[PDB]
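Undergrad: After the structure tokens below, expect a handful of questions from me.
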Amino acid sequence: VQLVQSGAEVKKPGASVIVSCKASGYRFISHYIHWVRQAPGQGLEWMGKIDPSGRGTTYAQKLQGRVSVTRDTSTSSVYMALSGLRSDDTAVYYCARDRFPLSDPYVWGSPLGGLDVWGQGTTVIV
Amino acid sequence: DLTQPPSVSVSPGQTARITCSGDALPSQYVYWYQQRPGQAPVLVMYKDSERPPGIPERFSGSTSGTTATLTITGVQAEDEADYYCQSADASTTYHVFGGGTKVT
Amino acid sequence: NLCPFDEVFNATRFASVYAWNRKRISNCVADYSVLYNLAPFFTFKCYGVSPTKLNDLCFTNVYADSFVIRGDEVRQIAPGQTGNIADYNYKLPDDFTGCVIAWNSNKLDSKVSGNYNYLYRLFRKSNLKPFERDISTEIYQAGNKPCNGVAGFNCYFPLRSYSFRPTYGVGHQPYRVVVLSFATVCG
Ligand SMILES: *[C@@H]1O[C@H](CO[C@@H]2O[C@@H](C)[C@@H](O)[C@@H](O)[C@@H]2O)[C@@H](O[C@@H]2O[C@H](CO)[C@@H](O)[C@H](O)[C@H]2NC(C)=O)[C@H](O)[C@H]1NC(C)=O
């Protein structure tokens with residue numbers, strides 16, 4: 001299993017990211033996909049999670065209304081959409097798996113998180 | 001919300017005890033990630049006691065109480081990396097990472 | 001205000017049955033519509049209310065005990081029942097006023113080696129009071145001479161652990177249980 005990321009990019013404060021996570025190998029409708037950003041020299045902090053079967057989205061509490069993910073079943077890929085960059089939002093954007101092979105749809109209390117097969121990471125520059 | 005000591009220092013052959021404490025962790029698993037400086041993090045330790053394949057049989061874990069700990073027995077020279085604990089909130093949403101403990 | 005029910009139902013680590021976690025729910029508005037849109041194995045049994053009539057009510061204090069038991073012992077989580085889980089681990093009272101919610105987790109609590117993390121108190125001196133919790137690992141002396149701390153031989157270890165392999169039968173897979181018990185909380 002492996003996860004493909006987009007390239008390095010330099011943006012302006014405004015319309016910023018359609019960063020892509022083209023997945024492969026594993027059954028795409030099984031695991032969640034988490035997006036994690038890291039300010040250079042700072043701690044990791046979690047942005048959002050997407051269910052590839054369209055069963056729900058959830059973004060971080062301090063990033064609500066600014067970041068929105070977009071699923072695509074056909075290309076086996078998932079996107080972001082962030083708007084209005086600041087110098088705070090300069091980071092490396094990591095796409096990750098969930099490491100939980102759920103067979104029957106959702107037993108209540110699955111171990112979400114456990115980000116295993118992290119992508120190569122792409123960089124936003126303001 | 002999850003709090004963590006900012007750094008630890010260790011000499012090889014000793015025992016390093018990375019700790020993570022959070023108020024919303026009586027009921028959530030803790031997953032540890034070991035990010036070397038420069039590349040993407042890897043899951044080094046997961047579900048408070050369990051070990052993914054591809055890891056040497058040295059990385060343990062303990063969540064006796066509301067304070068998860070990782071313990072390295074016999075630290076080598078290649079374990080100089082960050083160690084972020086992880087959880088969720090108390091439901092399962094809004095996953096939170098940790099302080100970013102540097103091991104030297 | 002949206003009472004935390006996802007904080008009890010979706011919590012990943014359910015405590016063992018001898019040390020069931022209790023979450024006080026108060027000063028909010030409880031939406032029970034996420035408790036009858038269920039996936040098809042849930043066992044939403046209410047004693048004193050009805051599932052379609054929980055919204056138009058207000059309760060004083062709501063308590064949500066959660067634990068993990070075997071499949072055939074969900075029948076023990078009922079008012080006025082006698083077995084092992086009821087007698088020594090979790091006694092619901094005679095006059096129960098809440099709901100008992102249990103779902104299959106043959107996932108989530110089941111290693112191929114078997115998750116011995118869940119323990120049930122097999123031996124106790126006396127039966128439990130309703131909503132009593134005995135967490136102590138004290139050695140139960142069961143015969144002639146009560147000695148200091150010797151393990152075994154009528155001086156047994158009480159908290160025998162389950163074995164939860166995924167190839168076990170339907171009545172032995174671990175069934176995660178959440179027991180709602182019932183003015184601040186409304187609908
Ligand atoms: C338990 O969680 C499931 C999964 O939902 C995820 O985590 C939840 C805490 C919640 O924050 C969701 O946004 C997350 O996606 C919940 O199941 C969802 O329930 C809603 C409404 O009932 C439904 O519209 C969604 O389709 C469900 N998703 C799935 C995968 O079934 C569930 O609501 C939570 N249980 C409780 C007690 O709230």
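Ordering of the structure tokens sets the chain letters (A, B, ...), residue numbers begin anew at 1 in every chain, and ligands are numbered from 1 in the order given.
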Please identify all polymer residues within 9 Å of region 90-97 of chain A, counting only C-alpha atoms, omitting same-chain residues fewer than 3 positions from it, and present them as an mmCIF file with N, CA, C and O atoms, in the first residue's frame.
TA:
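Dumped everything to selection_7.cif:
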data_model
loop_
_atom_site.group_PDB
_atom_site.id
_atom_site.type_symbol
_atom_site.label_atom_id
_atom_site.label_comp_id
_atom_site.auth_asym_id
_atom_site.auth_seq_id
_atom_site.Cartn_x
_atom_site.Cartn_y
_atom_site.Cartn_z
ATOM 1 N N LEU A 3 0.447 5.903 -0.806
ATOM 2 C CA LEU A 3 -0.415 7.061 -1.027
ATOM 3 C C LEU A 3 0.381 8.148 -1.737
ATOM 4 O O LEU A 3 1.466 8.523 -1.283
ATOM 5 N N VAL A 4 -0.163 8.654 -2.846
ATOM 6 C CA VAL A 4 0.518 9.611 -3.714
ATOM 7 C C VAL A 4 0.072 11.018 -3.346
ATOM 8 O O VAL A 4 -1.119 11.266 -3.138
ATOM 9 N N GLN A 5 1.024 11.944 -3.257
ATOM 10 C CA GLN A 5 0.754 13.332 -2.915
ATOM 11 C C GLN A 5 1.019 14.256 -4.095
ATOM 12 O O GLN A 5 1.610 13.872 -5.107
ATOM 13 N N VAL A 19 -4.934 20.360 -2.887
ATOM 14 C CA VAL A 19 -3.933 19.304 -2.692
ATOM 15 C C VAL A 19 -4.586 17.926 -2.734
ATOM 16 O O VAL A 19 -5.677 17.709 -2.191
ATOM 17 N N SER A 20 -3.940 16.997 -3.431
ATOM 18 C CA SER A 20 -4.555 15.740 -3.828
ATOM 19 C C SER A 20 -3.871 14.564 -3.156
ATOM 20 O O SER A 20 -2.661 14.586 -2.919
ATOM 21 N N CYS A 21 -4.654 13.525 -2.873
ATOM 22 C CA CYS A 21 -4.166 12.291 -2.262
ATOM 23 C C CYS A 21 -4.690 11.117 -3.078
ATOM 24 O O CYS A 21 -5.717 10.526 -2.737
ATOM 25 N N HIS A 31 -10.960 2.308 4.740
ATOM 26 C CA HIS A 31 -10.322 3.137 5.752
ATOM 27 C C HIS A 31 -10.692 4.603 5.597
ATOM 28 O O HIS A 31 -10.843 5.107 4.485
ATOM 29 N N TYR A 32 -10.765 5.300 6.734
ATOM 30 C CA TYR A 32 -10.835 6.758 6.771
ATOM 31 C C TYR A 32 -9.561 7.372 6.208
ATOM 32 O O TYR A 32 -8.555 6.682 6.034
ATOM 33 N N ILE A 33 -9.564 8.670 5.938
ATOM 34 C CA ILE A 33 -8.355 9.353 5.505
ATOM 35 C C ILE A 33 -8.236 10.632 6.321
ATOM 36 O O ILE A 33 -9.144 11.467 6.301
ATOM 37 N N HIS A 34 -7.140 10.777 7.051
ATOM 38 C CA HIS A 34 -6.907 11.941 7.892
ATOM 39 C C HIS A 34 -5.906 12.866 7.228
ATOM 40 O O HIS A 34 -4.966 12.410 6.575
ATOM 41 N N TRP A 35 -6.094 14.165 7.416
ATOM 42 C CA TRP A 35 -5.174 15.167 6.906
ATOM 43 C C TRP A 35 -4.535 15.875 8.087
ATOM 44 O O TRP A 35 -5.239 16.362 8.973
ATOM 45 N N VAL A 36 -3.206 15.908 8.117
ATOM 46 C CA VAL A 36 -2.458 16.466 9.237
ATOM 47 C C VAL A 36 -1.440 17.465 8.704
ATOM 48 O O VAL A 36 -0.705 17.163 7.759
ATOM 49 N N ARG A 37 -1.397 18.657 9.306
ATOM 50 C CA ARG A 37 -0.448 19.697 8.940
ATOM 51 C C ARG A 37 0.589 19.877 10.035
ATOM 52 O O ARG A 37 0.350 19.539 11.197
ATOM 53 N N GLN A 38 1.744 20.423 9.655
ATOM 54 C CA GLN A 38 2.857 20.652 10.571
ATOM 55 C C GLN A 38 3.533 21.967 10.223
ATOM 56 O O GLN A 38 4.144 22.084 9.156
ATOM 57 N N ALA A 39 3.449 22.940 11.118
ATOM 58 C CA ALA A 39 4.223 24.169 10.965
ATOM 59 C C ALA A 39 5.705 23.849 11.111
ATOM 60 O O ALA A 39 6.058 22.989 11.929
ATOM 61 N N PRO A 40 6.600 24.489 10.328
ATOM 62 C CA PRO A 40 8.017 24.093 10.324
ATOM 63 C C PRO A 40 8.717 24.302 11.655
ATOM 64 O O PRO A 40 8.918 25.435 12.100
ATOM 65 N N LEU A 85 -5.093 32.132 3.358
ATOM 66 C CA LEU A 85 -3.862 31.776 4.043
ATOM 67 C C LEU A 85 -3.380 32.909 4.945
ATOM 68 O O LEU A 85 -3.519 34.094 4.634
ATOM 69 N N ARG A 86 -2.799 32.526 6.074
ATOM 70 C CA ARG A 86 -1.972 33.438 6.848
ATOM 71 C C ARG A 86 -0.597 32.806 6.967
ATOM 72 O O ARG A 86 -0.350 31.714 6.456
ATOM 73 N N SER A 87 0.296 33.501 7.676
ATOM 74 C CA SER A 87 1.600 32.924 7.984
ATOM 75 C C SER A 87 1.482 31.783 8.986
ATOM 76 O O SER A 87 2.397 30.960 9.101
ATOM 77 N N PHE A 100 -7.680 0.626 9.839
ATOM 78 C CA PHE A 100 -8.760 -0.154 10.413
ATOM 79 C C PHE A 100 -9.562 -0.796 9.291
ATOM 80 O O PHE A 100 -10.391 -0.130 8.661
ATOM 81 N N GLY A 113 -8.343 7.074 13.929
ATOM 82 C CA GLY A 113 -6.972 7.408 14.224
ATOM 83 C C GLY A 113 -6.117 6.180 14.088
ATOM 84 O O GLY A 113 -6.580 5.091 13.744
ATOM 85 N N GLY A 114 -4.838 6.343 14.375
ATOM 86 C CA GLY A 114 -3.924 5.262 14.095
ATOM 87 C C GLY A 114 -3.483 5.393 12.661
ATOM 88 O O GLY A 114 -3.645 4.489 11.842
ATOM 89 N N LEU A 115 -2.919 6.545 12.361
ATOM 90 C CA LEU A 115 -2.622 6.933 10.995
ATOM 91 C C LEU A 115 -1.369 6.194 10.542
ATOM 92 O O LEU A 115 -0.263 6.490 11.001
ATOM 93 N N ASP A 116 -1.532 5.227 9.644
ATOM 94 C CA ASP A 116 -0.467 4.274 9.368
ATOM 95 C C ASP A 116 0.350 4.617 8.132
ATOM 96 O O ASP A 116 1.581 4.655 8.196
ATOM 97 N N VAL A 117 -0.311 4.862 7.004
ATOM 98 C CA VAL A 117 0.324 4.767 5.694
ATOM 99 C C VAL A 117 0.333 6.200 5.165
ATOM 100 O O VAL A 117 -0.274 6.507 4.133
ATOM 101 N N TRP A 118 0.800 7.110 6.023
ATOM 102 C CA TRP A 118 1.038 8.517 5.709
ATOM 103 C C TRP A 118 1.613 8.736 4.319
ATOM 104 O O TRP A 118 2.524 8.030 3.888
ATOM 105 N N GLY A 119 1.075 9.724 3.626
ATOM 106 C CA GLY A 119 1.578 10.069 2.319
ATOM 107 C C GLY A 119 2.878 10.842 2.395
ATOM 108 O O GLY A 119 3.376 11.196 3.463
ATOM 109 N N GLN A 120 3.424 11.124 1.209
ATOM 110 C CA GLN A 120 4.739 11.745 1.092
ATOM 111 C C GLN A 120 4.753 13.200 1.543
ATOM 112 O O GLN A 120 5.833 13.752 1.777
ATOM 113 N N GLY A 121 3.592 13.836 1.655
ATOM 114 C CA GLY A 121 3.519 15.200 2.135
ATOM 115 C C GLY A 121 3.783 16.234 1.062
ATOM 116 O O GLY A 121 4.694 16.075 0.247
ATOM 117 N N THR A 122 2.984 17.299 1.052
ATOM 118 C CA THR A 122 3.189 18.426 0.156
ATOM 119 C C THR A 122 3.184 19.713 0.972
ATOM 120 O O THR A 122 2.644 19.768 2.079
ATOM 121 N N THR A 123 3.803 20.748 0.417
ATOM 122 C CA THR A 123 4.125 21.964 1.148
ATOM 123 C C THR A 123 3.317 23.146 0.630
ATOM 124 O O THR A 123 3.215 23.352 -0.582
ATOM 125 N N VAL A 124 2.755 23.928 1.547
ATOM 126 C CA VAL A 124 2.113 25.193 1.212
ATOM 127 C C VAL A 124 3.031 26.326 1.660
ATOM 128 O O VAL A 124 3.670 26.251 2.718
ATOM 129 N N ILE A 125 3.185 27.326 0.797
ATOM 130 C CA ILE A 125 4.012 28.495 1.066
ATOM 131 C C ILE A 125 3.173 29.728 0.758
ATOM 132 O O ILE A 125 2.517 29.797 -0.287
ATOM 133 N N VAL A 126 3.176 30.691 1.676
ATOM 134 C CA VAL A 126 2.313 31.858 1.572
ATOM 135 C C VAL A 126 2.980 33.043 0.876
ATOM 136 O O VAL A 126 4.202 33.143 0.816
ATOM 137 N N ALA B 40 8.132 12.020 6.742
ATOM 138 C CA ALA B 40 6.792 11.812 7.260
ATOM 139 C C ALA B 40 6.822 10.907 8.490
ATOM 140 O O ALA B 40 7.659 10.007 8.579
#
Undergrad: Kindly compile the residues surrounding ligand 1 within 9 Å, counting only C-alpha atoms and all ligand atoms, and format them as a PyMOL selection string.
TA: (chain A and resi 49-51+53-58+105-110+112) or (chain B and resi 91-94) or (chain C and resi 4-11+32-39)
Undergrad: Restricting the output to N, CA and C atoms, write the selected residues as an mmCIF file, in the first residue's frame.
TA:
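As written to disk, selection00.cif reads:
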data_model
loop_
_atom_site.group_PDB
_atom_site.id
_atom_site.type_symbol
_atom_site.label_atom_id
_atom_site.label_comp_id
_atom_site.auth_asym_id
_atom_site.auth_seq_id
_atom_site.Cartn_x
_atom_site.Cartn_y
_atom_site.Cartn_z
ATOM 1 N N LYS A 49 -10.841 14.668 8.819
ATOM 2 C CA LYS A 49 -10.979 13.284 8.416
ATOM 3 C C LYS A 49 -12.130 13.157 7.431
ATOM 4 N N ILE A 50 -11.947 12.286 6.444
ATOM 5 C CA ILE A 50 -12.920 12.027 5.390
ATOM 6 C C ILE A 50 -13.184 10.532 5.299
ATOM 7 N N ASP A 51 -14.462 10.174 5.209
ATOM 8 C CA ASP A 51 -14.876 8.811 4.933
ATOM 9 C C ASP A 51 -15.045 8.670 3.434
ATOM 10 N N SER A 53 -16.601 6.582 1.618
ATOM 11 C CA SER A 53 -17.937 6.172 1.219
ATOM 12 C C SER A 53 -18.968 7.264 1.452
ATOM 13 N N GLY A 54 -18.523 8.483 1.733
ATOM 14 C CA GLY A 54 -19.436 9.616 1.791
ATOM 15 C C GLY A 54 -20.292 9.625 3.033
ATOM 16 N N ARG A 55 -19.860 8.914 4.066
ATOM 17 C CA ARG A 55 -20.651 8.742 5.270
ATOM 18 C C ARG A 55 -20.451 9.860 6.282
ATOM 19 N N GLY A 56 -19.554 10.795 6.020
ATOM 20 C CA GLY A 56 -19.389 11.938 6.895
ATOM 21 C C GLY A 56 -18.024 12.580 6.759
ATOM 22 N N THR A 57 -17.989 13.879 7.036
ATOM 23 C CA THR A 57 -16.766 14.656 7.113
ATOM 24 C C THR A 57 -16.679 15.268 8.502
ATOM 25 N N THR A 58 -15.454 15.507 8.967
ATOM 26 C CA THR A 58 -15.250 16.200 10.233
ATOM 27 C C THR A 58 -13.908 16.909 10.195
ATOM 28 N N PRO A 105 -20.361 -2.498 8.039
ATOM 29 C CA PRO A 105 -20.228 -1.040 7.833
ATOM 30 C C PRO A 105 -19.616 -0.177 8.930
ATOM 31 N N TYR A 106 -20.184 -0.167 10.137
ATOM 32 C CA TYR A 106 -19.592 0.607 11.228
ATOM 33 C C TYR A 106 -20.099 0.054 12.555
ATOM 34 N N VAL A 107 -19.250 -0.694 13.254
ATOM 35 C CA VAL A 107 -19.545 -1.027 14.641
ATOM 36 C C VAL A 107 -19.175 0.178 15.488
ATOM 37 N N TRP A 108 -20.064 0.566 16.400
ATOM 38 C CA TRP A 108 -19.930 1.801 17.165
ATOM 39 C C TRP A 108 -18.718 1.840 18.081
ATOM 40 N N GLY A 109 -17.766 2.706 17.777
ATOM 41 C CA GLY A 109 -16.591 2.808 18.605
ATOM 42 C C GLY A 109 -15.392 2.176 17.950
ATOM 43 N N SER A 110 -15.259 2.375 16.651
ATOM 44 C CA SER A 110 -14.091 1.891 15.949
ATOM 45 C C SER A 110 -12.870 2.726 16.332
ATOM 46 N N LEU A 112 -10.806 4.926 15.369
ATOM 47 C CA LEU A 112 -10.405 5.933 14.404
ATOM 48 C C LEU A 112 -9.128 6.611 14.877
ATOM 49 N N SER B 91 -15.312 11.690 22.426
ATOM 50 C CA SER B 91 -16.276 10.944 21.633
ATOM 51 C C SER B 91 -15.609 9.975 20.673
ATOM 52 N N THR B 92 -15.252 10.425 19.470
ATOM 53 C CA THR B 92 -14.138 9.891 18.697
ATOM 54 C C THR B 92 -13.653 10.947 17.720
ATOM 55 N N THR B 93 -14.294 12.108 17.729
ATOM 56 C CA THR B 93 -14.008 13.159 16.768
ATOM 57 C C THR B 93 -12.961 14.111 17.308
ATOM 58 N N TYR B 94 -12.421 14.928 16.401
ATOM 59 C CA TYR B 94 -11.400 15.936 16.695
ATOM 60 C C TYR B 94 -10.167 15.306 17.340
ATOM 61 N N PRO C 4 -23.775 14.864 25.744
ATOM 62 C CA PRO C 4 -22.802 13.958 25.143
ATOM 63 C C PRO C 4 -23.252 12.515 25.244
ATOM 64 N N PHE C 5 -23.789 12.006 24.142
ATOM 65 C CA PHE C 5 -24.016 10.582 24.002
ATOM 66 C C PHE C 5 -22.983 9.944 23.112
ATOM 67 N N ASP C 6 -22.434 10.703 22.167
ATOM 68 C CA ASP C 6 -21.294 10.221 21.408
ATOM 69 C C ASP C 6 -20.045 10.091 22.265
ATOM 70 N N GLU C 7 -19.986 10.772 23.401
ATOM 71 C CA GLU C 7 -18.871 10.614 24.318
ATOM 72 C C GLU C 7 -18.931 9.315 25.106
ATOM 73 N N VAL C 8 -20.056 8.602 25.076
ATOM 74 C CA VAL C 8 -20.200 7.347 25.806
ATOM 75 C C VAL C 8 -20.329 6.190 24.824
ATOM 76 N N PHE C 9 -21.073 6.397 23.744
ATOM 77 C CA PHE C 9 -21.309 5.328 22.784
ATOM 78 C C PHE C 9 -20.121 5.087 21.876
ATOM 79 N N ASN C 10 -19.474 6.153 21.425
ATOM 80 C CA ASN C 10 -18.369 6.051 20.489
ATOM 81 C C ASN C 10 -17.003 6.046 21.157
ATOM 82 N N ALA C 11 -16.944 6.006 22.484
ATOM 83 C CA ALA C 11 -15.668 5.909 23.175
ATOM 84 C C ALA C 11 -15.011 4.586 22.837
ATOM 85 N N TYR C 32 -32.238 11.761 21.260
ATOM 86 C CA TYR C 32 -32.223 10.307 21.258
ATOM 87 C C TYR C 32 -32.460 9.718 19.879
ATOM 88 N N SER C 33 -32.447 10.534 18.825
ATOM 89 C CA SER C 33 -32.714 10.009 17.492
ATOM 90 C C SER C 33 -31.550 9.219 16.920
ATOM 91 N N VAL C 34 -30.393 9.235 17.568
ATOM 92 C CA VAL C 34 -29.259 8.446 17.114
ATOM 93 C C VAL C 34 -29.242 7.120 17.857
ATOM 94 N N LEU C 35 -30.354 6.768 18.491
ATOM 95 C CA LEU C 35 -30.467 5.528 19.246
ATOM 96 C C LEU C 35 -31.649 4.675 18.817
ATOM 97 N N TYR C 36 -32.345 5.048 17.747
ATOM 98 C CA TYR C 36 -33.267 4.121 17.103
ATOM 99 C C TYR C 36 -33.168 4.155 15.585
ATOM 100 N N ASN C 37 -32.103 4.752 15.049
ATOM 101 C CA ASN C 37 -31.722 4.612 13.649
ATOM 102 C C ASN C 37 -30.612 3.587 13.470
ATOM 103 N N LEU C 38 -30.636 2.522 14.268
ATOM 104 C CA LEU C 38 -29.451 1.735 14.558
ATOM 105 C C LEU C 38 -29.110 0.774 13.421
ATOM 106 N N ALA C 39 -27.851 0.369 13.405
ATOM 107 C CA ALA C 39 -27.345 -0.717 12.587
ATOM 108 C C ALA C 39 -27.968 -2.028 13.039
#
Undergrad: Between C:109, C:94, C:56, C:138, which is the closest to chain A once you count only C-alpha atoms?
TA: C:109
Undergrad: How far is it from CA of residue 67 (chain B) to CA of residue 136 (chain C), in Å with one decimal?
TA: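 CA of residue 136 (chain C) lies 20.7 Å from CA of residue 67 (chain B).
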Undergrad: Residues near residue 29 (chain C), anyone? I mean within 10 Å using only C-alpha atoms, not counting same-chain ones fewer than 2 positions away, as a count of residues only.
TA: 15
Undergrad: For chain C, which residue among B:77, B:30, B:16, B:2 is the nearest when counting only C-alpha atoms?
TA: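 Checking each candidate against chain C, we get B:30 as the closest.
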Undergrad: Would you mind telling me which residue in A:83, A:73, A:61, A:68 lies nearest to chain B when using only C-alpha atoms?
TA: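 Residue with the minimum atom-to-atom distance to chain B: A:61.
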Undergrad: One decimal, Å: what's the distance from CA of residue 63 (chain B) over to CA of residue 119 (chain C), could you say?
TA: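 Pair CA of residue 63 (chain B) / CA of residue 119 (chain C) returns 16.5 Å.
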Undergrad: Pick the closest to chain A from B:78, B:23, B:89, B:57: which is it, counting only C-alpha atoms?
TA: B:89
Undergrad: Skip region 142-149 of chain C itself and residues of its chain fewer than 6 positions away, then list as a PyMOL selection string all residues within 12 Å of it, counting only C-alpha atoms.
TA: chain C and resi 123-125+155-158
Undergrad: In Å to one decimal, how far is CA of residue 96 (chain B) from CA of residue 46 (chain B)?
TA: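 Separation of CA of residue 46 (chain B) and CA of residue 96 (chain B): 14.6 Å.
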Undergrad: Pick out the residues sitting within 12 Å of residue 22 (chain B), and hand them over as a PyMOL selection string; count only C-alpha atoms, and ignore anything fewer than 5 positions along from it in its own chain.
TA: chain B and resi 1-4+27-30+63+65-69+85-90+96-99
Undergrad: Run DSSP on the backbone and grab whatever in region 83-119 of chain A lands in strand (DSSP E or B); send it over as a PyMOL selection string.
TA: chain A and resi 83+92-96
Undergrad: Atoms to include: N, CA and C atoms. Write the selected residues as a short mmCIF file (atom, residue, chain, number, x, y, z; two decimals), in the first residue's frame.
TA:
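Dumped everything to part15.cif:
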data_model
loop_
_atom_site.label_atom_id
_atom_site.label_comp_id
_atom_site.auth_asym_id
_atom_site.auth_seq_id
_atom_site.Cartn_x
_atom_site.Cartn_y
_atom_site.Cartn_z
N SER A 83 -9.08 28.32 2.24
CA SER A 83 -9.13 29.68 1.71
C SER A 83 -8.60 30.66 2.74
N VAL A 92 3.36 21.70 6.07
CA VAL A 92 3.46 20.57 5.16
C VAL A 92 2.22 19.72 5.38
N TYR A 93 1.45 19.49 4.33
CA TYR A 93 0.16 18.82 4.46
C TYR A 93 0.31 17.33 4.20
N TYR A 94 0.03 16.53 5.23
CA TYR A 94 0.17 15.08 5.17
C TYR A 94 -1.19 14.44 5.00
N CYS A 95 -1.30 13.57 4.01
CA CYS A 95 -2.45 12.70 3.84
C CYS A 95 -2.12 11.35 4.46
N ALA A 96 -3.06 10.78 5.21
CA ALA A 96 -2.77 9.56 5.93
C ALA A 96 -3.94 8.60 5.82
#
Undergrad: Which residue is closest to residue 16 (chain C)? Choose from C:47, C:164, C:182, C:118 and count only C-alpha atoms.
TA: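 Distance minimum relative to residue 16 (chain C) lands on C:118.
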Undergrad: Compare B:75, B:8, B:43, B:70 by their minimum atom-to-atom distance to chain A, counting only C-alpha atoms, and give me the closest one.
TA: B:43
Undergrad: Find the residues near residue 35 (chain B): any atom within 9 Å, counting only C-alpha atoms, skip ones fewer than 4 places away on the same chain, and give them as a list in words.
TA: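 Close residues of residue 35 (chain B): residues 39, 40, 41, 42, 43, 81, 82, 83 and 84 of chain B.
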Undergrad: Please write the residues from the selection above to a file, keeping C-alpha atoms, as a compact mmCIF listing (two decimals), in the first residue's frame.
TA:
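File produced: result_37.txt:
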# COMPACT_ATOMS: atom_id res chain seq x y z
CA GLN B 39 10.36 12.92 6.65
CA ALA B 40 6.79 11.81 7.26
CA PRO B 41 5.92 10.31 10.66
CA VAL B 42 5.45 6.59 11.16
CA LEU B 43 3.16 4.80 13.58
CA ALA B 81 13.33 11.59 16.93
CA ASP B 82 10.09 13.27 17.94
CA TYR B 83 7.38 11.30 19.75
CA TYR B 84 3.83 12.64 19.43
